[PDB]
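Below: the structure, in structure tokens.
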Amino acid sequence: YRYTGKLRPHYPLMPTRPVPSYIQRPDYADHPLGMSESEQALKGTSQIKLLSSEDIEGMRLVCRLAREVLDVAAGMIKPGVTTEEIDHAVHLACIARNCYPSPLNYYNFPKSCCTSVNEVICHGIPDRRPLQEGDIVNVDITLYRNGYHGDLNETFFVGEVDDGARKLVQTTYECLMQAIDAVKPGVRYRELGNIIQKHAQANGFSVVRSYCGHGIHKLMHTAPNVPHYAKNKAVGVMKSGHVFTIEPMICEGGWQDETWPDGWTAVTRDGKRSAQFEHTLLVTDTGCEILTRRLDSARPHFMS
Ligand SMILES: N[C@@H](CC1CCCCC1)P(=O)(O)O
Ligand SMILES: [Co+2]
Ligand SMILES: [Co+2]
Ligand SMILES: [K+]
């Protein structure tokens, strides 16, 4: 394998971390290949669940807990901390909230969060690498509570960063929020990529094509599929009671991606930086509820 940039994996990984049995587990947790029967059973379906009031309560709670765990991770970001140390903290913070760390064993993913540095687009695996001053690092948190998943992510700066890092991360955050601002009943899911791409392209960045936002509730990934680039062909129209994420990945160079031999880590083919932000959203009768928002503080971590 020819690496696309300066990043490398830092092995060995710690043996996988157990979750106590009193924590309720998603189906794939105990499947030998980490397959989710319940997702596979809706593979190829375009139909979007209309959440009940009970379902909405469940999503509100797990998403608030997921935000709390993200905040824990944001607190740890400093030069010299390893990504594995972040993941260990995350793992304990999930268990403390009586939640299962959704990524753990999802299709045999080895860790309890995703940590994506610099040219990593998404799904980086926490490992023994200490964060370096000038890195950008995204932490993606997904929790499972009482049969509901909640999903969010933010990009952080490690110490002082360059102006290019600042612009990339600001633009990516703006892309997400412009999309969110458009969410309401009657909007086609395909429009959001037109919005994102327009803002990315205006700032000289490209938009990853291979990974999309997604429905989420009882399943971690389900309908709708939500592309982040323009002129996509996504199926569906927003209605009150839909829950889904929007999670644009924006790049300094070209949009093309490839995957490391680990089967997870997605990197820019050119080795240039990429940043991401993610929220889980509920469509209401007039607009949307950002389930993973901060309740206590006006701005994402990288501004603060
Ligand atoms: N939270 C992320 C999913 C995660 C699935 C579990 C295994 C690692 C990637 P994503 O839906 O890409 O935001
Ligand atoms: Co995520
Ligand atoms: Co997601
Ligand atoms: K990145």
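Side chains included, hydrogens not; waters and symmetry mates left out as well; all remaining heavy atoms used. If you read the sequence from its start, that first residue is 1, and numbering goes on from there.
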For this session: Look only at the side chain of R64 and the backbone of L61, and say whether a donor-acceptor pair between them is shorter than 3.5 Å.
Result: no
Exercise. Taking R188 for the side chain and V237 for the main chain, is one N or O donor matched with an acceptor at less than 3.5 Å?
Worked result: no
Exercise. What about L104 and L143, same hydrophobic cluster or not, with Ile/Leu/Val/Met/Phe/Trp/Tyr joined at side-chain heavy-atom distances under 4.5 Å?
Worked result: no
For this session: In plain terms, say whether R8 and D127 are close enough for a salt bridge, that is, a side-chain N and a carboxylate O under 4.0 Å apart.
Result: no
For this session: Using distance alone, with no hydrogens and no angle criterion, decide if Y148 and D55 have a side-chain donor and acceptor under 3.5 Å apart.
Result: yes
For this session: Please determine which of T4, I121, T268 meets the side chain to side chain contact (heavy atoms under 4.5 Å, CB included) test together with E258.
Result: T4
Exercise. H214 and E247: side-chain donor and acceptor closer than 3.5 Å?
Worked result: yes
Exercise. Measuring from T155:OG1 to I250:CD1, what's the distance to the nearest 0.5 Å?
Worked result: 10.5 Å
For this session: Would you verify whether the NZ or CZ of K167 falls within 45 degrees of the ring axis of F205 while also being under 6.0 Å from that six-membered ring's centre?
Result: yes
Exercise. Take atom CZ in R269; do more than 12 heavy atoms of anything else shown fall under 6.0 Å from it?
Worked result: no
Exercise. How long is the gap from CG on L51 to OG on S240, to the nearest 0.5 Å?
Worked result: 10.0 Å
Seminar exercise, completed: All heavy atoms of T284 vs all of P185, minimum pair found to be O-CG, 3.0 Å
Exercise. Would you call the rings of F277 and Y173 parallel, tilted or perpendicular, where under 30° means parallel and over 60° means perpendicular?
Worked result: perpendicular
Exercise. Are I56 and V243 co-members of a hydrophobic cluster defined by side-chain heavy atoms under 4.5 Å apart?
Worked result: yes
Exercise. Can you tell me how far the OG1 atom of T280 sits from the NE2 atom of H217, to the nearest 0.5 Å?
Worked result: 11.0 Å
Problem set entry | Atom pair CD (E37) and CG (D27), whose distance is rounded to the nearest 0.5 Å | 7.0 Å
For this session: Please answer: with hydrophobic residues joined when any side-chain heavy atoms are less than 4.5 Å apart, are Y144 and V90 in the same cluster?
Result: no
Exercise. Can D151 and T245 be counted as having a side-chain donor-acceptor contact under 3.5 angstrom?
Worked result: no
Problem set entry | ILVMFWY cluster, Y189 and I196 together (side-chain gap under 4.5 Å) | yes
Problem set entry | Salt-bridge contact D162-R273 (side-chain N to carboxylate O under 4.0 Å) | yes
Exercise. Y229 ring centre to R209 NZ or CZ under 6.0 Å, with the angle to the axis within 45°?
Worked result: yes
Exercise. For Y211, which residues count as a ring-ring contact (aromatic ring centres under 6.0 Å, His included) partner, sequence neighbours excluded?
Worked result: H123
For this session: For the residue pair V169 and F157, establish whether any side-chain heavy-atom pair is separated by less than 4.5 Å.
Result: yes
Problem set entry | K272 atom NZ: more than 12 heavy-atom contacts under 6.0 Å | no
For this session: Using the salt bridge (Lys or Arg N to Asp or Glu O under 4.0 Å) rule, take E289 and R60 through it: C-alpha gap first, then chi angles, then the decisive distance, then the call.
Result: CA-CA 9 Å; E289 181 176 336; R60 282 165 174 160; 2.8 Å; yes
Problem set entry | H149 side chain to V62 backbone, donor-acceptor under 3.5 Å | no
For this session: Taking atom CD of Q24 as the centre, report whether more than 12 heavy atoms of other residues, nucleotides or ligands fall under 6.0 Å from it.
Result: yes
Exercise. Under 6.0 Å from the CZ atom of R128, do we count more than 12 heavy atoms belonging to anything else shown?
Worked result: no
Problem set entry | Any donor-acceptor N/O pair, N138 side chain to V117 backbone, under 3.5 Å | no
For this session: On the 0 to 90° scale, with breaks at 30° and 60°, tag the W260-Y1 ring pair as parallel, tilted or perpendicular.
Result: perpendicular
For this session: Mind running ring pair (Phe, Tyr, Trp, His ring centres under 6.0 Å) on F302 and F156 for me, showing each step along the way?
Result: CA-CA 5 Å; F302 78 95; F156 312 112; 9.0 Å; no
Exercise. If only atom types and distance count, is the side chain of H88 paired as donor or acceptor with the main-chain N or O of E85 below 3.5 Å?
Worked result: no
Problem set entry | Connected via hydrophobic side-chain network under 4.5 Å: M59 and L70 | yes
For this session: Please answer whether the main-chain N or O of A93 pairs with a side-chain N or O of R97 as donor and acceptor at a distance below 3.5 Å.
Result: yes
For this session: Ignoring hydrogens and angles, tell me if any N or O in the side chain of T83 forms a donor-acceptor pair with the backbone of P126 under 3.5 Å.
Result: no
Problem set entry | Pair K111 + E84: basic N to acidic O under 4.0 Å | yes
Exercise. Is a side-chain donor or acceptor of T222 paired with a backbone partner of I216 at a separation under 3.5 angstrom?
Worked result: no
Exercise. Which distance, rounded to the nearest 0.5 Å, do you find between the OG1 of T142 and the CG of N153?
Worked result: 8.5 Å
Problem set entry | Min side-chain heavy-atom separation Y11-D262 under 4.5 Å | yes
Exercise. What's the verdict on side chain to side chain donor-acceptor pair (under 3.5 Å) for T292 and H279, showing C-alpha distance, side-chain angles and the deciding distance?
Worked result: CA-CA 6 Å; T292 49; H279 282 298; 2.8 Å; yes
For this session: Mind running side chain to side chain donor-acceptor pair (under 3.5 Å) on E174 and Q170 for me, showing each step along the way?
Result: CA-CA 6 Å; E174 287 167 351; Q170 181 68 38; 3.0 Å; yes
Exercise. Regarding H301 and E154, is there a side-chain donor-to-acceptor distance under 3.5 Å anywhere?
Worked result: no
Exercise. Do you see a donor-acceptor pair shorter than 3.5 Å between the side chains of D181 and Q178?
Worked result: no
Exercise. If you round to the nearest 0.5 Å, how far is SG of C251 from CG of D270?
Worked result: 7.5 Å
Exercise. Any donor-acceptor pair under 3.5 Å linking the side chain of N232 with the backbone of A234?
Worked result: yes
Problem set entry | Flag, side chain of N203 to backbone of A200, donor-acceptor distance under 3.5 Å | no
Problem set entry | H221 and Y106 aromatic centres sub-6.0 Å | yes
